[PDB]
Structure formats: structure tokens, C-alpha cells
Protein chains: 2
Amino acid sequence: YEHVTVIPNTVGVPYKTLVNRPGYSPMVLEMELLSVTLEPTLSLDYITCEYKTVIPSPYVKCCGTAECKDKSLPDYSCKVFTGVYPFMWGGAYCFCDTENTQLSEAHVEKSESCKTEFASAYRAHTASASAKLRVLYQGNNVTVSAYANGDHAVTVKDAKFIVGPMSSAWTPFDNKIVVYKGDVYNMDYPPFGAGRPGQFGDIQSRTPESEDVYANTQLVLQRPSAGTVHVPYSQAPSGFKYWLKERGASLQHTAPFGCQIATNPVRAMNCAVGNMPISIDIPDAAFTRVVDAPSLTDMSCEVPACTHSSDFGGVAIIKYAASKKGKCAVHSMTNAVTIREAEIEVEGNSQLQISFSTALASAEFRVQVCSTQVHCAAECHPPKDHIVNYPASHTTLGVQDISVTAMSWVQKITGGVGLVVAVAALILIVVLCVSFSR
Amino acid sequence: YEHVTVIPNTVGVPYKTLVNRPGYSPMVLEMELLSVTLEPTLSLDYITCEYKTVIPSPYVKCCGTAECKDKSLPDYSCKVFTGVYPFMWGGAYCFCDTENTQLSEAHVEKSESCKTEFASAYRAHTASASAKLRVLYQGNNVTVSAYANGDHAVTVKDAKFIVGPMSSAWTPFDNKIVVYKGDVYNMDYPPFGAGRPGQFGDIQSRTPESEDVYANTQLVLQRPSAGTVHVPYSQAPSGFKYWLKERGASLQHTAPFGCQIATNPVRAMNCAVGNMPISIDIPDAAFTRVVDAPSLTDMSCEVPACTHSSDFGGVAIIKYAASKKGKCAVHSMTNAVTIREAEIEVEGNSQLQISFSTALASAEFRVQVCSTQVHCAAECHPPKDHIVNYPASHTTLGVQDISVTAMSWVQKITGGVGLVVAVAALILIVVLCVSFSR
């Protein structure tokens with residue numbers, strides 16, 4: 001039997017609904033989203049990582065100039081210094097006191113580490129929504145996994161399930177993202193070949209394995225110090241190493257809608273935004289005929305206590321007379337009153353208990369048992385503890401239009417001045433009428 | 001020295017621009033898009049391919065009933081038939097004339113073909129633009145390849161080039177596409193698990209090596225014929241084998257803007273749409289001081305013949321005096337006239353000749369030679385040949401007003417009608433003024 005419904009896109013809250021097949025007993029489903037995953041489509045622009053600077057042993061020309069020369073390497077720089085006279089441990093290295101020169105040359109490369117310590121700059125396109133769901137019927141507690149595409153029907157225990165797409169098209173990932181490990185960031189990273197010295201992207205590669213290193217480190221060689229064979233230089237420190245210190249909190253902490261964020265694959269999970277359609281077929285053997293029911297009548301309903309506790313702070317007694325032993329479903333007709341139970345056993349002339357939850361300070365609602373309906377009404381006290389660790393187990397209040405019973409003061413004063421206006425108008429009509437008549 | 005320009009995004013047409021550095025003799029840059037490529041970002045929804053049906057030997061129970069054992073295979077079916085009496089080549093297979101039964105069972109799988117003969121259904125998220133370009137200065141053709149991101153500067157022959165961003169989003173791929181080999185198609189393929197019998201998508205899997213076969217063939221078994229041991233059945237013929245026939249024309253033959261389309265990876269090429277921004281920073285060593293250059297004087301244009309052909313249909317001769325031998329730029333100040341040449345050379349008192357292309361019926365234009373301008377004028381006779389095998393070597397006409405000389409017929413009739421109105425209005429104003437003087 002085909003049935004169709006919509007549940008809010010809120011993880012870990014049970015939403016509960018009535019299958020009402022014509023000619024057969026009703027039954028109550030409940031289901032909850034165990035997980036919802038948005039998963040964007042990623043375009044790699046470039047990999048950023050720590051650079052190394054390569055500085056070969058400097059060539060020193062005794063008694064003449066070294067010729068300078070060009071080379072094509074990613075940030076290559078070169079100079080010839082004149083009037084050097086280096087000493088090594090045993091003596092002066094040069095045969096004459098002056099007219100020597102030192103060539104010096106350097107270039108940047110990816111570090112050996114860039115296999116492991118690197119970050120990825122991605123553009124992120126729209127997302128392959130996926131979902132995981134628990135459902136309960138007649139004591140069959142069962143789980144299903146699916147895409148949210150509104151097709152791809154999954155069968156289990158000869159039931160069949162279809163889900164999505166959700167009404168929301170929001171995602172926390174912006175058009176540009178960077179990922180490092182578990183951390184992923186919305187940031188407007190510089191395009192390939194656009195990155196400055198000493199900032200994220202001062203060195204870039206199209207892929208982690210490519211040799212086409214872009215680098216912009218502003219390396220400058222400097223005059224070697226007196227008597228000494230070293231190669232001094234000046235250069236902006238790694239823009240990556242600085243970003244690792246500066247970066248701040250990733251989307252796992254900063255993101256809207258209470259969502260959780262994960263990597264490989266890049267995912268956003270359990271976003272509390274919008275609502276989700278689902279359709280379910282349950283096998284026609286799972287229904288008892290409307291005459292095979294317990295057949296119960298002459299109900300009345302009673303409320304020992306009620307409290308708007310964000311969970312099942314209401315408790316009620318239902319009186320009944322039932323023709324035989326039989327399993328019975330129970331459900332609440334009104335969106336502002338959710339119910340803990342779903343099915344129960346009845347026999348004979350007796351009474352039964354249920355628990356319920358509401359925002360209402362005066363709970364008025366109808367309970368649909370097996371085929372048959374009863375009205376329930378009681379005053380509901382406020383809860384006493386302030387803050388709690390779980391989301392409210394019911395719909396929000398109609399704050400404009402579901403004020404309490406004993407708000408009848410509003411009707412009492414509205415008639416208390418509405419009749420004053422009525423008499424004022426009727427008086428004015430009579431005196432106006434005689435003034436037209438004469 | 002840095003110069004910026006924009007050229008129409010139209011492959012294989014050369015465009016011309018004038019390098020301008022104050023205090024240095026000018027030079028002319030010619031460039032040509034050799035190709036431009038859009039590569040869309042693909043997410044694989046599923047593979048499809050020819051199915052195979054598997055039909056094991058039928059179990060025949062002599063002298064009793066066989067019965068189904070169910071199993072979750074991708075399009076499984078089972079049936080049992082009664083009163084069968086199968087023969088084999090030597091006689092009856094069953095011991096007795098009736099009370100026999102044949103179980104028949106079947107399912108479907110991917111064929112073994114699906115590594116070779118398959119089609120691939122993709123979503124196609126936004127593309128990245130790659131461009132291959134030729135450019136010419138200092139007598140040398142040079143060629144550069146870049147991403148058109150607008151920032152990824154490429155250096156070649158000691159000059160630095162940057163290109164893009166692409167000034168339009170337009171892409172020949174729809175949001176969903178399928179590919180086969182070289183063929184790609186825009187089509188609204190059915191979602192995963194949504195496929196109908198006898199159409200594209202009647203068997204699907206999320207990768208070609210996966211075992212997650214969705215299938216919907218409507219396979220149904222039939223009762224065997226008299227005396228015979230086979231398994232007859234009805235099934236919708238493999239919908240991929242029909243789509244290989246019913247295929248239509250791939251986007252390579254049907255797409256807008258005259259583009260070419262190819263696979264590995266999927267690419268659109270040479271879409272003649274929008275325009276391409278370019279910046280080039282040629283070395284300061286390419287210039288020579290204007291105080292040294294052979295700067296022209298007494299320049300006198302003449303145009304022996306002209307036609308608004310789609311190639312260089314007109315020719316001009318310039319009488320000149322020049323102080324010394326040297327290089328000399330030529331460029332056209334009027335967008336409706338394109339000069340063929342670039343950086344000619346000049347000496348003495350003499351003449352030179354140069355060729356141009358134009359849509360103008362009565363070409364008048366200014367030619368900027370080295371550091372100085374001359375005014376040039378002609379009548380154009382229309383080309384004799386309808387149809388040519390190449391695009392126009394000139395700008396599209398500003399036909400909103402850009403038109404012949406001997407349009408002075410407009411000045412004649414608009415002047416005559418203007419004067420008869422002006423005289424009629426003056427006569428009215430005089431008589432109106434003296435009849436106001438009363």
C-alpha cells in the first residue's frame with residue numbers, strides 16, 4: 001500500500017504519522033533522520049605547501065671574474081660579488097689578496113614534505129544529497145540508506161522507501177574553499193599564478209605530483225660577509241607556515257544551522273534547514289481488516305497532569321469498552337500535540353495510559369485510537385528547570401492564534417466594547433433617519 | 001613596458017594593436033587565438049550498457065511439484081509450470097504422462113561488453129577556459145598557452161603575457177549530458193533507479209566496475225510449448241542497443257556558435273562568442289628613442305584601387321620623405337579599415353605601398369605611420385564573387401550611420417525641406433508679430 005508524507009530536516013527527532021488504508025485498521029509509523037549528508041563536487045585549482053630554497057655551493061673564481069648566467073628555475077636569482085678574500089681553516093683560499101670574485105645562485109622548490117604537509121584550494125559546485133533513516137512499524141525497527149533524488153527506491157523486509165529532494169538548497173561551502181586535513185575553510189584564495197609573497201599561495205602547484213611550480217617568494221641574494229665562504233640571502237618566510245598559525249576556526253565550528261563538517265570526501269552533515277518528503281510502500285499483508293480490529297467504543301479521556309516540558313510532560317488516561325483482545329493504534333489529530341506511544345493492547349471494559357508533549361498552556365486535542373476518536377482537554381503548567389540538552393519534541397506554538405482557554409477575557413472585553421459601539425451606531429442611525437424624514 | 005587590449009573571441013582571425021610608449025618610436029603587435037577550450041566539470045551519475053539475461057537450465061521435477069526459492073538478484077523472476085511432458089532425443093524424460101512440473105528462473109546482469117560498449121551519464125558543472133595564442137612583434141612569431149583566468153602570467157622570449165577572464169559564461173553543454181565515445185549529447189536522462197523498460201537507462205550502475213546493477217527489463221517467463229525442454233520468455237529489448245540506432249546527431253554537428261566538441265576529457269573548442277581581454281608586458285629593450293627614429297615628413301596618400309572584399313581588397317601608396325633608413329610602424333586609426341602590414345622600413349624621398357580590408361563603400365581613414373598621421377581616401381567597388389571560404393578580415397559596418405560619400409543627396413533634400421520649413425515658420429512669426437502689434 002502506497003503512503004506519502006513530509007518530515008522536517010532535523011536529525012535525531014522522531015516524526016510520527018498515521019497510515020489510514022480504506023477498509024483496514026489504521027497503524028502508526030515513526031521515522032527519524034539518522035544522518036543527512038550534503039557532498040559538493042570539487043574542482044582542484046592548486047596545492048600549496050612549504051617551499052625549500054636550494055643553494056648550491058658557491059663558485060669562487062680566484063684571480064678573475066666568474067661570468068654570471070641565466071637558468072629557467074621557478075624563482076631563480078643570481079649575483080657575482082667582487083673583492084672577496086675567503087679564508088678556510090688552513091689559510092686564505094685565493095692565490096691573490098684581491099681581484100677574486102664569488103658567483104652565487106639560488107632557486108625555490110617544493111619541499112620533500114609536500115606529499116603529506118600541504119593544503120588544497122578547490123572550487124566547490126552543487127552537491128549530491130544523501131540520507132540515512134530509521135523507521136518503526138508493528139515492532140519492526142528497521143534502517144534504510146538512500147540518495148535524496150526522489151527515486152532510487154530501496155526495498156527492505158518487502159517494504160519499499162523513496163526520499164527527497166529536500167526543499168532547502170542551502171549549503172555551508174562557499175564557491176571557493178581550502179582544505180588542510182579535517183579542517184576546511186571558506187576563503188577567497190588568490191587564483192593560480194596570482195599569489196603574493198608571505199601569504200597563502202606564495203608557492204603553488206597544479207597537482208601534488210606536478211613539476212610546474214609557481215613561486216613568488218621575493219628571494220634576494222646579499223653580499224657575502226668579510227673573509228667568509230657562506231651565501232647570505234633574504235626571502236619572505238613560507239606563506240603556508242604562517243597560514244597554519246593564523247588560520248582560526250574551520251567550518252566545523254563557524255558554520256550556520258548546527259552542521260558538522262568532514263573530509264575525504266568533503267561533506268556537510270546534519271544541517272537543520274528545510275524539510276524532506278518521503279514515500280513508503282508497506283506490504284498489503286501487514287494490515288488487519290477493519291472488522292478484525294478490537295472494535296472499541298464509549299471512550300472518555302482524563303488528564304492527571306500536564307506540563308509543557310519540551311518532552312512528554314503530559315500524561316492521560318483513556319477509558320474504553322472493547323469487544324475482544326486486539327492490538328490497537330493511537331495518534332493525535334492536532335499538530336500542536338505530539339504523543340509518545342504508537343500502538344497498544346486493549347481488551348474488555350477498562351482504561352489505558354498515554355504520554356504526550358505540547359507548547360500549549362491549555363491542551364485541547366483529539367486522540368484517534370483504532371478507527372475511533374475521543375476528545376481530550378486539560379490545563380498545562382509551565383516546566384521549572386530552564387535550559388535542557390535536547391530539541392523540543394513538538395511543533396512551535398501559533399503565538400498569534402492559540403492563546404489559552406481562560407483567555408476568554410479577550411472575548412469578554414471585545415463584546416464589552418463592541419456592544420458599546422453597536423448601541424452608539426444604532427442611536428446615530430435613529431436620529432439620522434428622523435433628520436432625513438422631516 | 002605594459003600594454004592592455006581586448007580582442008573578439010573568434011579563432012583563427014588575426015587582430016592588430018599599436019604599442020605606444022611615450023618618447024619611443026611605436027611598434028605594432030599582431031595576435032591570433034589559435035584555439036580556445038572550455039572544459040566542463042563532470043560528476044558521473046551512472047554507466048549504462050547492453051544487459052545480458054542469465055537463464056540457468058530448468059529444474060524439472062518428475063512426479064511432483066517444484067517450488068520457488070526467492071533470491072534478491074537484479075531483475076529476478078521465477079515461475080512453475082504444470083502438466084509438462086518433455087521429450088529428449090531418445091524418449092520421454094519424465095517417468096509418467098502428467099503430474100510433472102518445470103521450475104523456470106532467470107535474471108539480468110551487465111553484459112561482459114561493459115568495459116568497451118557503454119555510455120556515461122554526467123552532470124556538467126561550470127567550465128574552466130584554456131587558450132592557445134600566437135603573437136608577433138620585432139619580426140618574430142611567438143606562441144603561448146595559458147588558463148584564461150585573467151591573472152596566470154606566462155613569460156616567453158623575455159616578454160610576459162596574461163589573458164582573460166572570458167567575457168561570457170555561455171557553454172554548449174546542458175546541465176546533464178551523456179557521452180559514448182567521441183559523441184556527446186545534451187539529454188534529460190532518467191535519474192538512477194528511474195529507468196523504464198526498452199529505453200536509455202533500462203539498466204544502470206554507478207561505475208563500470210561496480211555491482212550495484214539497477215535494471216528494469218520487464219522480463220516475464222512463458223509456459224513451455226508441448227513436449228519441449230526450453231525456457232521461453234518476453235523482455236523489453238536492451239534499450240542501449242536501440243539508443244545506438246535512434247541516436248540523432250552529436251553536439252559536434254548541432255551546437256551553436258560554430259564550436260567543435262571532443263572527448264578525453266570532454267571539451268568545447270573555438271566557440272565564437274564574447275571577447276578576450278589581454279595584457280602584454282614586452283621588454284624595454286625592444287624600443288628605440290623617437291629622437292633617433294627615421295620620423296617621416298611630407299606624407300601624401302593615394303589609393304589606386306579598392307574593393308570591400310572579405311580579404312585585403314584595397315591598396316594604398318604613400319609618397320614620403322624620411323631623414324635616414326630605419327624601421328617604421330603602420331596602424332589604422334579607423335575601426336572600419338584594417339591594415340595588413342605592421343612594421344615596415346623606410347628611407348630617403350620615395351613611396352611605399354600597403355594593403356587594407358574594409359566594409360566601407362567610400363573609404364576615408366587616417367593612417368598612423370611612424371609617430372605621425374596622414375589622411376587617406378577612396379571609392380570602393382563591390383566584390384564580384386558571392387560566397388567565400390573564410391571569415392571577414394574587417395570589422396562589421398556601423399550601418400546605423402556609416403555610409404557612402406555621395407550621401408550628400410541626404411544633405412540636399414534635408415537642407416531643402418529644412419529651408420522650406422524655416423521660411424514658412426519665419427513668415428508665420430513675422431505675420432504673428434504684426435497681428436500681435438494690433
# chains A, B, ... in the order shown; residues from 1 in each chain; ligands from 1

$ interface_residues --of "chain B" --to "chain A" --cutoff "7 Å" --atoms "only C-alpha atoms" --output "list in words"
residues 125, 151, 152, 153, 192, 193 and 194 of chain B

$ write_last_selection --atoms "N, CA and C atoms" --output "mmCIF file, in the first residue's frame"
data_model
loop_
_atom_site.group_PDB
_atom_site.id
_atom_site.type_symbol
_atom_site.label_atom_id
_atom_site.label_comp_id
_atom_site.auth_asym_id
_atom_site.auth_seq_id
_atom_site.Cartn_x
_atom_site.Cartn_y
_atom_site.Cartn_z
ATOM 1 N N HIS B 125 28.861 20.610 -14.427
ATOM 2 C CA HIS B 125 29.074 21.873 -13.723
ATOM 3 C C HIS B 125 30.068 22.763 -14.467
ATOM 4 N N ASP B 151 44.884 36.252 -14.651
ATOM 5 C CA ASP B 151 45.994 36.528 -13.722
ATOM 6 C C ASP B 151 47.239 35.655 -13.930
ATOM 7 N N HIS B 152 47.109 34.450 -14.488
ATOM 8 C CA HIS B 152 48.201 33.482 -14.617
ATOM 9 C C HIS B 152 49.214 33.885 -15.686
ATOM 10 N N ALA B 153 50.073 34.844 -15.372
ATOM 11 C CA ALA B 153 51.041 35.386 -16.308
ATOM 12 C C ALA B 153 52.046 34.329 -16.778
ATOM 13 N N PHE B 192 19.053 7.862 -11.392
ATOM 14 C CA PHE B 192 19.406 6.491 -11.035
ATOM 15 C C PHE B 192 18.202 5.773 -10.426
ATOM 16 N N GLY B 193 17.918 4.557 -10.859
ATOM 17 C CA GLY B 193 16.745 3.798 -10.441
ATOM 18 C C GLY B 193 15.420 4.235 -11.075
ATOM 19 N N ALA B 194 15.389 5.316 -11.863
ATOM 20 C CA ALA B 194 14.180 5.806 -12.529
ATOM 21 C C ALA B 194 13.923 5.199 -13.926
#

$ residues_around --residues "residue 274 of chain A" --least-positions-apart "3" --cutoff "6 Å" --atoms "only C-alpha atoms" --output "count of residues only"
3

$ atom_distance --atom1 "atom CA of residue 404 of chain A" --atom2 "atom CA of residue 381 of chain A"
11.5 Å

$ closest_residue --among "A:309, A:403, A:371, A:300" --to "residue 386 of chain A" --atoms "only C-alpha atoms"
A:309

$ select_by_dssp --residues "segment 347-435 of chain B" --states "helix (DSSP H, G or I)" --output "ChimeraX atom specification"
/B:408-435

$ residues_around --residues "residue 8 of chain A" --least-positions-apart "5" --cutoff "10 Å" --atoms "only C-alpha atoms" --output "list in words"
residues 13, 14, 15, 32, 33, 166, 167, 272, 273, 274, 275, 276 and 277 of chain A

$ write_last_selection --atoms "N, CA, C and O atoms" --output "compact mmCIF listing (two decimals), in the first residue's frame"
# COMPACT_ATOMS: atom_id res chain seq x y z
N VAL A 13 15.29 13.49 15.75
CA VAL A 13 13.94 13.68 16.31
C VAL A 13 12.94 12.77 15.60
O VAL A 13 12.85 12.84 14.37
N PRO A 14 12.18 11.91 16.31
CA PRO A 14 11.21 11.03 15.69
C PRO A 14 9.98 11.81 15.24
O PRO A 14 9.30 12.44 16.05
N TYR A 15 9.65 11.70 13.96
CA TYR A 15 8.41 12.19 13.37
C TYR A 15 7.49 11.00 13.11
O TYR A 15 7.95 9.91 12.76
N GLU A 32 12.98 8.69 11.80
CA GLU A 32 13.90 9.79 12.06
C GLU A 32 15.10 9.72 11.14
O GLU A 32 15.60 8.65 10.80
N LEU A 33 15.60 10.89 10.77
CA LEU A 33 16.84 11.02 10.04
C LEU A 33 17.99 10.71 10.99
O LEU A 33 18.20 11.44 11.96
N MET A 166 15.12 17.40 -0.55
CA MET A 166 14.71 18.36 0.47
C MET A 166 14.39 19.72 -0.15
O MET A 166 14.95 20.10 -1.17
N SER A 167 13.51 20.48 0.49
CA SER A 167 13.09 21.80 0.00
C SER A 167 14.22 22.83 -0.02
O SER A 167 14.25 23.72 -0.86
N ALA A 272 20.26 21.61 9.88
CA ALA A 272 18.87 21.65 10.33
C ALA A 272 17.91 22.46 9.44
O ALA A 272 16.94 23.05 9.93
N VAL A 273 18.16 22.56 8.13
CA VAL A 273 17.50 23.52 7.23
C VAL A 273 16.50 22.85 6.28
O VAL A 273 16.83 21.90 5.58
N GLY A 274 15.28 23.38 6.21
CA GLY A 274 14.21 22.90 5.33
C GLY A 274 13.52 21.62 5.81
O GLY A 274 13.57 21.26 6.98
N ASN A 275 12.83 20.94 4.90
CA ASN A 275 12.09 19.70 5.16
C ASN A 275 12.19 18.72 3.99
O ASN A 275 12.62 19.08 2.90
N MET A 276 11.87 17.46 4.26
CA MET A 276 12.17 16.34 3.40
C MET A 276 10.93 15.48 3.12
O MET A 276 10.34 14.96 4.06
N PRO A 277 10.52 15.30 1.85
CA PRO A 277 9.47 14.37 1.51
C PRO A 277 9.98 12.93 1.53
O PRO A 277 11.11 12.66 1.13
